[PDB]
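Engineer: Shown below is the structure under consideration.
Every residue, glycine as well, gets a Cβ built from its backbone with ideal geometry; the counts of neighbours run over all protein chains shown. Each value in this text was obtained by applying a stated rule to the coordinates, not by laboratory testing.
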Amino acid sequence: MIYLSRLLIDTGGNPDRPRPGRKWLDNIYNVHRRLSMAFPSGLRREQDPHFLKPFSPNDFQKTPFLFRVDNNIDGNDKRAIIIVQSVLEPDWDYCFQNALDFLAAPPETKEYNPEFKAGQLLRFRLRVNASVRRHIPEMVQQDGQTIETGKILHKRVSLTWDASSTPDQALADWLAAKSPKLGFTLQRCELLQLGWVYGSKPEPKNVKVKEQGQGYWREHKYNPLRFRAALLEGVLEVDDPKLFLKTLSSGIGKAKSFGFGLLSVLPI
Amino acid sequence: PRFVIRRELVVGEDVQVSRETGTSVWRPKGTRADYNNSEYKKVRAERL
């Protein structure tokens with residue numbers, strides 16, 4: 001019981017007119033917020049029928065979901081798609097009823113109920129996060145001297161593959177290291193895109209307190225976010241089919257709310 | 001009856017012209033406009 005939805009984002013076509021779709025896709029945090037906005041529980045749907053209200057994050061269901069933004073070529077054109085997998089029914093009607101300029105085509109919701117056993121060859125294509133935690137973290141490197149401010153800063157930083165090692169093989173063995181826990185096997189994994197994605201979160205702070213109440217003289221700070229990204233496809237061999245359903249319903253990665261994690265599997 | 005005489009005075013030499021009090025014809029308030037103002041610059045931050 002997995003809803004495999006699909007979006008057809010309306011990008012630009014003239015870099016002299018406003019193109020809100022590309023600007024929206026430029027920031028991953030706004031993409032995540034807009035995708036999460038499609039889940040009104042019982043209050044935002046019935047009280048306001050036109051989404052003309054101030055935004056309240058507590059008014060939306062905290063339903064876990066995965067999404068990957070990518071591109072495809074069907075028969076005569078190139079389309080930017082956002083494949084979204086979720087366990088609750090997505091309310092795309094409530095999401096773009098005011099911002100229909102964002103979307104080029106009406107969305108789709110097709111049920112995905114796979115009954116997959118082991119030992120059958122299947123093909124896949126997923127985008128994954130490529131961060132590791134260094135048990136020996138390098139110091140702060142204060143740029144005036146580039147030695148140290150503190151000593152230890154345990155940080156998710158980057159997956160580094162030696163000096164002359166190939167990146168695709170390194171990513172393949174890194175995935176195959178955790179593959180027995182998940183329950184598949186790789187033979188011809190390949191790397192297509194390897195880069196970074198960027199975002200910015202508000203994360204409000206406080207500066208001054210009111211003359212008669214709480215610290216409502218507060219303003220908005222801004223915390224940037226960076227993510228190392230890999231996109232990889234190939235074929236996987238199914239083992240222990242109980243676990244593969246959990247991996248399909250959960251996703252492989254550490255940034256499942258920022259694109260990485262969704263795995264799309266097709267039969268041979 | 002009573003005998004009454006009539007003389008004259010010259011204004012400025014004899015009587016100094018006083019100045020009117022602070023007053024004007026009533027006009028509806030046309031308000032003001034100022035964004036540089038720091039209080040609005042922080043009110044907008046609270047709203048955002």
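Engineer: Quick one: what pairs do we get from the range A:210-230, first residue more than 14 Å from chain B (Cβ to nearest Cβ) and within 23 Å of A:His32 (Cβ to Cβ), second exposed (fewer than 11 other Cβ atoms within 10 Å of the Cβ) and of a type in the set (A, V, I, L, M, F, W, C), C-beta under 8 Å, 6+ apart or different chains?
Structural biologist: Filtered contacts from the range A:210-230: A:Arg226/A:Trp196; A:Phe227/A:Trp196; A:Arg228/A:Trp196; A:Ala229/A:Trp196.
Engineer: Let me ask you something else. How many residues are buried (at least 16 other Cβ atoms within 10 Å of the Cβ) and outside any strand (DSSP E or B) if we restrict to the range A:220-238?
Structural biologist: Final tally of qualifying residues: 0.
Engineer: Has the range A:163-181 got any residue that is within 14 Å of another protein chain (Cβ to nearest Cβ), among the charged types (D, E, K, R) and either surrounded by 12 or more Cβ atoms within 10 Å (Cβ to Cβ) or more than 30 Å from A:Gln120 (Cα to Cα) (or both)?
Structural biologist: Checking the range A:163-181: not a single residue is within 14 Å of another protein chain (Cβ to nearest Cβ), among the charged types (D, E, K, R) and either surrounded by 12 or more Cβ atoms within 10 Å (Cβ to Cβ) or more than 30 Å from A:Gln120 (Cα to Cα) (or both).
Engineer: Considering only the range A:23-50, state which residues are within 25 Å of the chain's Cα centre (by Cα) and either under 14 Å from A:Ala99 (Cβ atoms) or among the hydrophobic types (A, V, I, L, M, F, W, C) (or both).
Structural biologist: Residues satisfying the conditions are A:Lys23, A:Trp24, A:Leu25, A:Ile28, A:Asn30, A:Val31, A:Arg33, A:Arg34, A:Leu35, A:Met37, A:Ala38, A:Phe39.
Engineer: Given (1) touching a residue at least 12 places away in the same chain (Cβ under 8 Å); (2) within 24 Å of the chain's Cα centre (by Cα), where does A:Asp173 come up short, assuming only one miss?
Structural biologist: The single condition A:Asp173 does not satisfy is (1).
Engineer: If I filter the range A:210-219 for residues that are of a type in the set (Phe, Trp, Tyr), buried (at least 16 other Cβ atoms within 10 Å of the Cβ) and farther than 24 Å from A:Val69 by Cβ, do I get at least one hit?
Structural biologist: yes
Engineer: How do the strands (runs of 3 or more DSSP E) wholly within the range A:64-171 filter down when requiring 1 or more residues that are out of contact with any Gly (no Cβ under 9 Å at 6 or more places or on another chain) and more than 30 Å from A:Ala38 (Cβ to Cβ): which remain?
Structural biologist: A:121-129
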